[PDB]
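Input: a single structure, listed below in structure tokens.
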Amino acid sequence: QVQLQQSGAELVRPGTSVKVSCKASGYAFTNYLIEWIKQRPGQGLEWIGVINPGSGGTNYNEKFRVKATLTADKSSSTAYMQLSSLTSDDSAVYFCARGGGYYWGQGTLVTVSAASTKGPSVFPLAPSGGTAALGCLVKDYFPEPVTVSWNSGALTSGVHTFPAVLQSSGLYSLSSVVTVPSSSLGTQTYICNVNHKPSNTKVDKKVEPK
Amino acid sequence: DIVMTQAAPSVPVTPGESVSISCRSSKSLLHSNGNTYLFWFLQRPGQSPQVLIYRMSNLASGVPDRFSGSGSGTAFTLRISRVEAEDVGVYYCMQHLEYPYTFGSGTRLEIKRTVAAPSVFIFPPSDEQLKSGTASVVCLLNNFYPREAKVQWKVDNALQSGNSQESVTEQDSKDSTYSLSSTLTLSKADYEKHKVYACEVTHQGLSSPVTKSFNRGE
């Protein structure tokens with residue numbers, strides 16, 4: 001199977017440069033083009049450019065000619081995209097894709113900010129038709145993202161993890177809720193597992209009936 | 001450059017019916033080799049795009065054959081037959097004829113279902129949060145359709161303005177509903193000065209606004 005494995009998320013300061021990678025496997029790397037695509041949060045797709053890894057030749061969208069530099073390393077079967085003079089406008093998910101767009105990388109999130117990383121506080125939303133709703137409020141973190149699971153992944157039915165909101169403070173908040181049988185509140189432990197990778201914060205909060 | 005236009009930002013469709021998504025280009029995408037270099041992509045929330053149709057009318061490998069593409073050299077249609085609830089997503093056209101390659105702005109597929117009013121729940125601030133000086137009151141509107149739903153907060157029967165923030169989930173891929181949270185943020189001191197916290201919900205499924213409330217301390 002063809003795979004394009006992109007590097008992990010980046011939190012980088014404005015005015016600096018960042019270099020993201022796209023490691024190809026499962027095919028002759030030098031016989032196919034690699035294209036790069038930008039997607040700002042909640043927006044559409046934008047084409048950055050393309051590289052021929054065999055010849056090293058490139059073509060750039062004029063809008064990215066100054067911003068972006070595409071390179072390829074034949075020995076490691078890896079394509080790279082460097083973005084220079086970073087601003088908040090560059091905060092986006094960046095995808096690599098093999099020519100034509102059948103095979104895509106999983107995307108790399110780049111957040112450009114001078115703000116400090118901050119881990120969340122996690123507060124219970126306690127339960128109080130036979131259905132009870134409960135949840136966890138994940139408050140005051142930066143940057144995105146936070147992921148939430150319930151009962152270490154054993155509880156998925158009826159879960160809603162809401163998109164985060166940017167508060168007026170400049171910090172993010174989200175909530176995750178689940179609906180369960182009220183008859184289970186006395187017999188089943190409910191734990192929300194909150195992961196904020198940028199701050200290495202893990203919280204497993206038990207949500208008790210009140 | 002070649003400009004790609006998608007005239008509708010969304011198209012609604014009931015599962016089992018067919019739907020058409022349109023795209024246009026500012027230059028013919030026809031090549032002398034006979035192919036028209038128009039591509040259709042689907043992107044599901046949180047996923048990378050995936051190709052559906054290549055060179056205008058050819059079904060990409062593994063894509064269900066209820067997807068089809070047609071067009072002139074300058075106007076194109078993605079036809080999705082026998083739509084399923086799982087077809088929710090955003091559909092983009094793209095031209096590969098000339099550099100720079102360019103994308104259309106995207107068309108959401110909205111799945112139509114029976115109107116469903118939200119189930120509404122209200123959560124007081126936790127005592128744990130109160131210890132830190134802030135109170136968040138949460139109103140959950142669960143599993144409703146359509147997307148439009150208005151929340152008004154009242155504290156001691158006074159309509160609130162300026163202190164709430166809402167988040168909405170993506171349309172569910174199985175049941176085609178939405179959920180919404182509204183969070184009212186106030187200081188601990190203000191939370192403890194008032195008694196009645198109420199969230200009032202307006203929605204097509206409701207004949208009159210629904211209120212859920214709690215009384216602080218009870």
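Lettering and numbering for the structure tokens are positional, with chains as A, B, ... in the shown order, residues counted from 1 in each chain, and ligands counted from 1 in the shown order.
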
Give one line per residue of chain B that approaches chain A to at most 8 Å, naming the two atoms of the closest pair and their distance in Å to one decimal, counting only C-alpha atoms; sort by chain then ascending residue number and deliver it as a Markdown table.
| residue | atom | partner | partner_atom | distance |
| --- | --- | --- | --- | --- |
| B:47 | CA | A:106 | CA | 7.3 |
| B:48 | CA | A:106 | CA | 5.9 |
| B:49 | CA | A:104 | CA | 7.4 |
| B:50 | CA | A:102 | CA | 6.5 |
| B:51 | CA | A:102 | CA | 5.6 |
| B:96 | CA | A:100 | CA | 7.8 |
| B:99 | CA | A:61 | CA | 7.4 |
| B:100 | CA | A:61 | CA | 5.2 |
| B:101 | CA | A:47 | CA | 6.2 |
| B:102 | CA | A:47 | CA | 6.3 |
| B:103 | CA | A:45 | CA | 6.5 |
| B:105 | CA | A:44 | CA | 6.0 |
| B:106 | CA | A:44 | CA | 6.6 |
| B:121 | CA | A:133 | CA | 7.3 |
| B:123 | CA | A:125 | CA | 6.2 |
| B:124 | CA | A:125 | CA | 7.8 |
| B:125 | CA | A:125 | CA | 7.7 |
| B:126 | CA | A:124 | CA | 6.5 |
| B:128 | CA | A:123 | CA | 6.8 |
| B:129 | CA | A:123 | CA | 6.4 |
| B:165 | CA | A:165 | CA | 7.5 |
| B:166 | CA | A:165 | CA | 7.7 |
| B:167 | CA | A:163 | CA | 6.1 |
| B:168 | CA | A:162 | CA | 6.5 |
| B:169 | CA | A:162 | CA | 5.7 |
| B:179 | CA | A:160 | CA | 7.5 |
| B:180 | CA | A:162 | CA | 7.8 |
| B:181 | CA | A:162 | CA | 7.5 |

I'd like the contact shell of residue 212 of chain B - 10 Å cut-off, only C-alpha atoms, skipping same-chain residues fewer than 5 positions apart - returned as an MDAnalysis selection string.
chainID B and resid 120:123 139:140 153 197:201

With N, CA, C and O atoms retained, could you export that selection as a PDB file, in the first residue's frame?
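As a result, again_17.pdb now contains:
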ATOM      1  N   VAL B 120     -33.160  19.200  25.826  1.00  0.00           N
ATOM      2  CA  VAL B 120     -32.416  20.292  26.447  1.00  0.00           C
ATOM      3  C   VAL B 120     -32.041  19.917  27.873  1.00  0.00           C
ATOM      4  O   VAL B 120     -32.878  19.417  28.639  1.00  0.00           O
ATOM      5  N   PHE B 121     -30.783  20.166  28.228  1.00  0.00           N
ATOM      6  CA  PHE B 121     -30.260  19.886  29.557  1.00  0.00           C
ATOM      7  C   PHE B 121     -29.475  21.102  30.022  1.00  0.00           C
ATOM      8  O   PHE B 121     -28.875  21.819  29.214  1.00  0.00           O
ATOM      9  N   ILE B 122     -29.481  21.348  31.327  1.00  0.00           N
ATOM     10  CA  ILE B 122     -28.752  22.480  31.885  1.00  0.00           C
ATOM     11  C   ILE B 122     -27.849  21.996  33.007  1.00  0.00           C
ATOM     12  O   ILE B 122     -28.237  21.131  33.802  1.00  0.00           O
ATOM     13  N   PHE B 123     -26.629  22.531  33.050  1.00  0.00           N
ATOM     14  CA  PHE B 123     -25.625  22.132  34.033  1.00  0.00           C
ATOM     15  C   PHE B 123     -25.158  23.345  34.820  1.00  0.00           C
ATOM     16  O   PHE B 123     -24.597  24.282  34.225  1.00  0.00           O
ATOM     17  N   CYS B 139     -25.688  24.877  28.723  1.00  0.00           N
ATOM     18  CA  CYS B 139     -26.960  24.412  28.187  1.00  0.00           C
ATOM     19  C   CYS B 139     -26.664  23.528  26.982  1.00  0.00           C
ATOM     20  O   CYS B 139     -26.016  23.973  26.028  1.00  0.00           O
ATOM     21  N   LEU B 140     -27.120  22.279  27.038  1.00  0.00           N
ATOM     22  CA  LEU B 140     -26.940  21.311  25.962  1.00  0.00           C
ATOM     23  C   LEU B 140     -28.258  21.138  25.217  1.00  0.00           C
ATOM     24  O   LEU B 140     -29.296  20.869  25.835  1.00  0.00           O
ATOM     25  N   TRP B 153     -30.292  33.238  27.272  1.00  0.00           N
ATOM     26  CA  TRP B 153     -30.091  33.011  28.694  1.00  0.00           C
ATOM     27  C   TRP B 153     -30.842  34.059  29.500  1.00  0.00           C
ATOM     28  O   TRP B 153     -30.883  35.233  29.126  1.00  0.00           O
ATOM     29  N   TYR B 197     -31.216  30.438  37.049  1.00  0.00           N
ATOM     30  CA  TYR B 197     -30.470  30.357  35.797  1.00  0.00           C
ATOM     31  C   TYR B 197     -31.293  29.592  34.779  1.00  0.00           C
ATOM     32  O   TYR B 197     -31.679  28.450  35.026  1.00  0.00           O
ATOM     33  N   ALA B 198     -31.557  30.213  33.636  1.00  0.00           N
ATOM     34  CA  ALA B 198     -32.469  29.609  32.683  1.00  0.00           C
ATOM     35  C   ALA B 198     -31.938  29.729  31.264  1.00  0.00           C
ATOM     36  O   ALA B 198     -31.415  30.775  30.866  1.00  0.00           O
ATOM     37  N   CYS B 199     -32.076  28.650  30.501  1.00  0.00           N
ATOM     38  CA  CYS B 199     -31.775  28.682  29.075  1.00  0.00           C
ATOM     39  C   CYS B 199     -33.045  28.408  28.291  1.00  0.00           C
ATOM     40  O   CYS B 199     -33.782  27.457  28.565  1.00  0.00           O
ATOM     41  N   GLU B 200     -33.325  29.295  27.343  1.00  0.00           N
ATOM     42  CA  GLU B 200     -34.555  29.262  26.563  1.00  0.00           C
ATOM     43  C   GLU B 200     -34.209  28.960  25.112  1.00  0.00           C
ATOM     44  O   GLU B 200     -33.395  29.661  24.505  1.00  0.00           O
ATOM     45  N   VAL B 201     -34.826  27.925  24.560  1.00  0.00           N
ATOM     46  CA  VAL B 201     -34.447  27.390  23.261  1.00  0.00           C
ATOM     47  C   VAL B 201     -35.593  27.578  22.285  1.00  0.00           C
ATOM     48  O   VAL B 201     -36.741  27.228  22.590  1.00  0.00           O
TER      49      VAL B 201
END

Enumerate the residues of segment 101-162 of chain A with a DSSP assignment of strand (DSSP E), computed from the backbone, and present them as a VMD selection string.
chain A and resid 108 to 112 121 to 125 131 to 141 147 to 150 159 to 161

Can you tell me which residues surround segment 69-77 of chain A at a distance of at most 10 Å, considering only C-alpha atoms, apart from same-chain residues fewer than 3 positions away, and format the answer as a ChimeraX atom specification?
/A:4,19-25,27-30,34-36,48-60,64-66,80-84

Based on the backbone DSSP call, show me all residues of chain B assigned alpha helix (DSSP H), as a list in words.
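Going through chain B, the alpha helix (DSSP H) residues come out as residues 127, 128, 129, 130, 188, 189, 190, 191, 192 and 193 of chain B.
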
Given the choices B:94, B:53, B:19, B:85, which gets closest to residue 2 of chain B if the distance is worked out from only C-alpha atoms?
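Ranked by minimum distance to residue 2 of chain B, first place goes to B:94.
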
Tell me, as a ChimeraX atom specification, which residues lie within 7 Å of residue 30 of chain B, counting only C-alpha atoms; anything in the same chain fewer than 6 positions away does not count.
/B:36-37,73

Can you measure atom CA of residue 138 of chain B to atom CA of residue 185 of chain B for me? One decimal in Å is fine.
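Separation of atom CA of residue 138 of chain B and atom CA of residue 185 of chain B: 8.9 Å.
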
Rank nothing, just name the residue among B:63, B:93, B:159, B:137 nearest to residue 5 of chain B, using only C-alpha atoms.
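Checking each candidate against residue 5 of chain B, we get B:93 as the closest.
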
Coordinates-based distance that separates atom CA of residue 152 of chain A from atom CA of residue 184 of chain A (Å, one decimal):
17.5 Å

Close residues, residue 112 of chain B itself excluded, 9 Å, only C-alpha atoms, min 4 positions apart in chain, as a PyMOL selection string:
chain B and resi 12-15+85+145-146+176

Produce a file of the selected residues containing C-alpha atoms, as an mmCIF file, in the first residue's frame.
data_model
loop_
_atom_site.group_PDB
_atom_site.id
_atom_site.type_symbol
_atom_site.label_atom_id
_atom_site.label_comp_id
_atom_site.auth_asym_id
_atom_site.auth_seq_id
_atom_site.Cartn_x
_atom_site.Cartn_y
_atom_site.Cartn_z
ATOM 1 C CA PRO B 12 -29.933 19.303 0.684
ATOM 2 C CA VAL B 13 -31.005 15.751 -0.100
ATOM 3 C CA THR B 14 -33.117 13.049 1.496
ATOM 4 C CA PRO B 15 -31.371 9.645 1.721
ATOM 5 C CA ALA B 85 -26.697 9.564 5.478
ATOM 6 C CA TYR B 145 -32.712 18.953 13.114
ATOM 7 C CA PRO B 146 -32.468 21.373 11.354
ATOM 8 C CA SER B 176 -28.290 13.278 10.566
#

For atom CA of residue 67 of chain B and atom CA of residue 6 of chain B, the interatomic separation in Å (one decimal):
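Rounded to one decimal, the two atoms are 17.7 Å apart.
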
Shortest interatomic distance to residue 184 of chain B - which of B:88, B:218, B:142, B:135, counting only C-alpha atoms
B:135
